[PDB]
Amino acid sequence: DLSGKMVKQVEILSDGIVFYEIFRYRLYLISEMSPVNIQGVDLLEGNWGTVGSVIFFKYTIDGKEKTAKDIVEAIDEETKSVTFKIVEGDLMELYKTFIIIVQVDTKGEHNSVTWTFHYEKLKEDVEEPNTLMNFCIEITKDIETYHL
């Protein structure tokens, strides 16, 4: 009831392999590639690209500065997937639980990035995370257009 799921697949022009490299091992590059959206990506514990690593994000949503602390809960290298669980931050005032999965289809033929949110709202009247999903799609477009 308070439970929800949201899925968006977007086709990318850029190399899926580089998208996965970013999201697994070089996540700090997103501050450079989507500087309107992301002001800081700071590793707090562990190492980049390892399950159990803890990462702090400074980001802007609707011109408001927000933060989150996330743990990397899962990595699947064969499917090119990484699962982030948000443990602290502005989102935790609206959601009890929030999990973000990013998965890159690297056929090479055509490449795409699928974003999945699994969340538990604190109340029934809390909104579905549409704005966050728009935010994630904007970062994807910023990343794929960064090379040009």
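Start at 1 with the first residue shown and count on from there.
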Could you check which stretch, 51 to 59 or 116 to 124, carries the larger mean CA temperature factor in the entry?
116 to 124
Using the B-factors recorded in the PDB entry, average over the C-alpha atoms of 81 to 89 and of 104 to 112, then report which stretch comes out higher.
104 to 112
For the C-alpha B-factor as written in the entry, point me to the maximum among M133, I22, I139, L13.
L13
Residue with highest C-alpha B-factor in the PDB entry, from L94, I99, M33, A68:
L94
